[PDB]
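Text of work-v4.pdb (PDB, C-alpha atoms) as supplied:
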```pdb
ATOM      1  CA  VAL P   1     140.285  55.798 146.000
ATOM      2  CA  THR P   2     138.401  59.059 146.662
ATOM      3  CA  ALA P   3     137.425  60.513 143.265
ATOM      4  CA  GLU P   4     133.938  61.498 144.484
ATOM      5  CA  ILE P   5     132.793  64.841 143.023
ATOM      6  CA  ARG P   6     130.977  67.778 144.664
ATOM      7  CA  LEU P   7     127.419  67.876 143.274
ATOM      8  CA  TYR P   8     124.322  69.807 144.412
ATOM      9  CA  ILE P   9     120.584  69.557 143.664
ATOM     10  CA  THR P  10     117.659  71.935 144.297
ATOM     11  CA  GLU P  11     114.845  70.941 146.683
ATOM     12  CA  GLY P  12     111.529  70.030 145.014
ATOM     13  CA  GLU P  13     108.198  68.404 145.945
ATOM     14  CA  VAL P  14     107.278  66.646 142.675
ATOM     15  CA  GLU P  15     107.835  62.876 142.396
ATOM     16  CA  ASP P  16     110.314  63.413 139.536
ATOM     17  CA  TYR P  17     112.821  64.730 142.102
ATOM     18  CA  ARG P  18     112.764  61.397 143.968
ATOM     19  CA  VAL P  19     112.948  59.223 140.831
ATOM     20  CA  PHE P  20     116.002  61.325 139.901
ATOM     21  CA  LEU P  21     117.782  60.614 143.209
ATOM     22  CA  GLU P  22     117.297  56.863 142.654
ATOM     23  CA  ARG P  23     118.768  57.031 139.129
ATOM     24  CA  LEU P  24     121.884  58.923 140.274
ATOM     25  CA  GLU P  25     122.280  56.131 142.851
ATOM     26  CA  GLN P  26     122.214  53.447 140.130
ATOM     27  CA  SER P  27     124.941  55.464 138.369
ATOM     28  CA  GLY P  28     127.578  54.007 140.722
ATOM     29  CA  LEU P  29     129.859  57.067 140.539
ATOM     30  CA  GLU P  30     130.697  58.519 143.973
ATOM     31  CA  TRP P  31     128.956  61.846 144.681
ATOM     32  CA  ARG P  32     128.774  64.070 147.780
ATOM     33  CA  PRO P  33     126.417  66.905 148.740
ATOM     34  CA  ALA P  34     128.558  70.072 148.664
ATOM     35  CA  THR P  35     127.304  73.578 149.523
ATOM     36  CA  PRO P  36     126.094  75.824 146.692
ATOM     37  CA  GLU P  37     129.076  78.125 147.338
ATOM     38  CA  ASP P  38     131.762  75.449 146.859
ATOM     39  CA  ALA P  39     130.018  72.964 144.538
ATOM     40  CA  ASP P  40     131.635  71.592 141.361
ATOM     41  CA  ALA P  41     128.376  70.550 139.657
ATOM     42  CA  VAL P  42     124.913  71.992 140.391
ATOM     43  CA  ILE P  43     122.174  69.883 138.756
ATOM     44  CA  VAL P  44     119.019  72.046 138.745
ATOM     45  CA  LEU P  45     115.664  70.483 137.778
ATOM     46  CA  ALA P  46     113.643  72.543 135.270
ATOM     47  CA  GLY P  47     110.504  70.904 136.713
ATOM     48  CA  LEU P  48     110.434  73.384 139.620
ATOM     49  CA  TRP P  49     110.519  76.390 137.261
ATOM     50  CA  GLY P  50     106.780  77.133 137.552
ATOM     51  CA  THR P  51     106.943  76.583 141.331
ATOM     52  CA  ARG P  52     110.202  77.776 142.926
ATOM     53  CA  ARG P  53     111.500  80.136 140.212
ATOM     54  CA  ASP P  54     112.329  82.696 142.925
ATOM     55  CA  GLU P  55     114.574  80.189 144.736
ATOM     56  CA  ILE P  56     116.392  78.867 141.645
ATOM     57  CA  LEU P  57     117.116  82.496 140.687
ATOM     58  CA  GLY P  58     119.344  82.789 143.782
ATOM     59  CA  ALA P  59     121.302  79.593 143.028
ATOM     60  CA  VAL P  60     122.053  81.271 139.677
ATOM     61  CA  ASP P  61     123.365  84.558 141.125
ATOM     62  CA  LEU P  62     125.730  82.652 143.450
ATOM     63  CA  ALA P  63     126.695  80.427 140.496
ATOM     64  CA  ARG P  64     127.662  83.577 138.557
ATOM     65  CA  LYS P  65     130.637  83.851 140.942
ATOM     66  CA  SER P  66     131.764  80.198 140.991
ATOM     67  CA  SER P  67     132.345  79.180 137.345
ATOM     68  CA  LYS P  68     128.545  79.169 136.918
ATOM     69  CA  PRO P  69     128.307  75.369 137.195
ATOM     70  CA  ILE P  70     124.537  75.414 136.542
ATOM     71  CA  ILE P  71     123.215  72.466 134.502
ATOM     72  CA  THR P  72     119.548  72.427 133.415
ATOM     73  CA  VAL P  73     117.745  69.058 133.362
ATOM     74  CA  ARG P  74     114.675  68.902 131.089
ATOM     75  CA  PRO P  75     111.396  68.203 132.902
ATOM     76  CA  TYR P  76     109.718  64.768 132.865
ATOM     77  CA  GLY P  77     107.764  66.235 129.925
ATOM     78  CA  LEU P  78     105.062  68.486 131.421
ATOM     79  CA  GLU P  79     106.109  71.738 129.718
ATOM     80  CA  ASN P  80     109.234  73.273 128.146
ATOM     81  CA  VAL P  81     112.120  75.358 129.541
ATOM     82  CA  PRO P  82     112.103  79.013 128.458
ATOM     83  CA  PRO P  83     114.938  80.887 126.722
ATOM     84  CA  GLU P  84     115.974  82.425 130.076
ATOM     85  CA  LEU P  85     118.052  79.416 131.192
ATOM     86  CA  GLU P  86     120.020  78.481 128.052
ATOM     87  CA  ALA P  87     121.325  82.068 128.294
ATOM     88  CA  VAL P  88     122.898  81.795 131.767
ATOM     89  CA  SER P  89     123.245  78.001 131.478
ATOM     90  CA  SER P  90     126.620  76.253 131.095
ATOM     91  CA  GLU P  91     125.288  72.805 130.124
ATOM     92  CA  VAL P  92     121.900  71.161 129.474
ATOM     93  CA  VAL P  93     120.936  67.464 129.572
ATOM     94  CA  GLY P  94     117.788  65.326 129.918
ATOM     95  CA  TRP P  95     116.798  61.975 131.459
ATOM     96  CA  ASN P  96     119.850  60.009 130.271
ATOM     97  CA  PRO P  97     122.840  58.341 131.949
ATOM     98  CA  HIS P  98     125.325  59.218 129.180
ATOM     99  CA  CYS P  99     124.121  62.833 128.874
ATOM    100  CA  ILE P 100     124.575  63.613 132.587
ATOM    101  CA  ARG P 101     128.022  62.003 132.212
ATOM    102  CA  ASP P 102     129.013  64.443 129.437
ATOM    103  CA  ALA P 103     128.049  67.482 131.548
ATOM    104  CA  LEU P 104     129.862  65.938 134.539
ATOM    105  CA  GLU P 105     133.288  65.283 132.974
ATOM    106  CA  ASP P 106     132.828  68.767 131.468
ATOM    107  CA  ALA P 107     133.257  70.423 134.884
ATOM    108  CA  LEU P 108     136.491  68.440 135.359
ATOM    109  CA  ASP P 109     138.456  69.581 132.286
ATOM    110  CA  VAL P 110     138.639  73.299 133.149
ATOM    111  CA  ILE P 111     141.390  73.969 130.582
TER     112      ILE P 111
END
```

Will you turn the file into structure tokens for me?
Amino acid sequence: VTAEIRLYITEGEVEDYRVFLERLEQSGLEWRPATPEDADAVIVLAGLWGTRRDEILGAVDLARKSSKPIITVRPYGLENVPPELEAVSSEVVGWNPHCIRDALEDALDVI
């Protein structure tokens, strides 16, 4: 069967970005790298907020014209996300397998 979903992740340089890729792999669910213009789920890491905030900003603008599928993932625990994401954010999760699953099936049921 081909139930894979269209996901997208931002580019980072911290080691948390790699550890995240491995976890998603252990998930087992099928996922494919879709462009940021036609993506169904955009998992953005809040760890690159004090580094590539100018880049993430763009991903948001484009997301404001595609259902705004922007999900914020808490940082490994170095700081705290500001009140500027929960405002234009559609879903927010942390380092959990069930949490990411709730925000995923959320993009499916579009009412």

Within 8 Å of region 87-91 of chain P using all atoms listed in the file, minus same-chain residues under 6 positions, as a compact mmCIF listing (two decimals) with C-alpha atoms, keeping the file's coordinate frame:
```
# COMPACT_ATOMS: atom_id res chain seq x y z
CA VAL P 60 122.05 81.27 139.68
CA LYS P 68 128.54 79.17 136.92
CA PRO P 69 128.31 75.37 137.20
CA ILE P 70 124.54 75.41 136.54
CA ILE P 71 123.22 72.47 134.50
CA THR P 72 119.55 72.43 133.42
CA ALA P 103 128.05 67.48 131.55
```

Checklist entry - Exactly which residues make up the result of the PyMOL selection byres ((chain P and resi 77-80) around 10) on this file, given as a PyMOL selection string? => result chain P and resi 46-47+49-50+74-76+81-83

Checklist entry - If we count only C-alpha atoms, what is near region 22-39 of chain P at a cut-off of 12 Å, once residues fewer than 4 positions away on the same chain are taken out, given as a PyMOL selection string? => result chain P and resi 1-10+15-18+43-44+56+58-70+95-98+100-101+104-105+107

Kindly export the residues of the current selection with C-alpha atoms, as a tab-separated table (two decimals), keeping the file's coordinate frame.
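Output file part-v5.tsv is given in full below:
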```tsv
chain	number	residue	atom	x	y	z
P	1	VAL	CA	140.28	55.80	146.00
P	2	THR	CA	138.40	59.06	146.66
P	3	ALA	CA	137.43	60.51	143.26
P	4	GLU	CA	133.94	61.50	144.48
P	5	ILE	CA	132.79	64.84	143.02
P	6	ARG	CA	130.98	67.78	144.66
P	7	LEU	CA	127.42	67.88	143.27
P	8	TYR	CA	124.32	69.81	144.41
P	9	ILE	CA	120.58	69.56	143.66
P	10	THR	CA	117.66	71.94	144.30
P	15	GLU	CA	107.84	62.88	142.40
P	16	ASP	CA	110.31	63.41	139.54
P	17	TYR	CA	112.82	64.73	142.10
P	18	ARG	CA	112.76	61.40	143.97
P	43	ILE	CA	122.17	69.88	138.76
P	44	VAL	CA	119.02	72.05	138.74
P	56	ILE	CA	116.39	78.87	141.65
P	58	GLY	CA	119.34	82.79	143.78
P	59	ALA	CA	121.30	79.59	143.03
P	60	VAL	CA	122.05	81.27	139.68
P	61	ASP	CA	123.36	84.56	141.12
P	62	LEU	CA	125.73	82.65	143.45
P	63	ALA	CA	126.70	80.43	140.50
P	64	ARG	CA	127.66	83.58	138.56
P	65	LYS	CA	130.64	83.85	140.94
P	66	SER	CA	131.76	80.20	140.99
P	67	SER	CA	132.34	79.18	137.34
P	68	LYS	CA	128.54	79.17	136.92
P	69	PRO	CA	128.31	75.37	137.20
P	70	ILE	CA	124.54	75.41	136.54
P	95	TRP	CA	116.80	61.98	131.46
P	96	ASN	CA	119.85	60.01	130.27
P	97	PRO	CA	122.84	58.34	131.95
P	98	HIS	CA	125.32	59.22	129.18
P	100	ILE	CA	124.58	63.61	132.59
P	101	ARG	CA	128.02	62.00	132.21
P	104	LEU	CA	129.86	65.94	134.54
P	105	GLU	CA	133.29	65.28	132.97
P	107	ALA	CA	133.26	70.42	134.88
```

As AutoDock Vina command-line options: centre and edge lengths in Å, one decimal, of the axis-aligned box holding region 68-82 of chain P with 4 Å per side:
```
--center_x 116.8 --center_y 72.0 --center_z 132.7 --size_x 31.5 --size_y 22.4 --size_z 17.0
```

Checklist entry - Hey, can you check how far CA of residue 57 (chain P) sits from CA of residue 40 (chain P)? => result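 Separation of CA of residue 57 (chain P) and CA of residue 40 (chain P): 18.2 Å.
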
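Distance-wise, CA of residue 84 (chain P) and CA of residue 48 (chain P) end up 14.3 Å apart.
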
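Going from CA of residue 94 (chain P) to CA of residue 21 (chain P) covers 14.1 Å.
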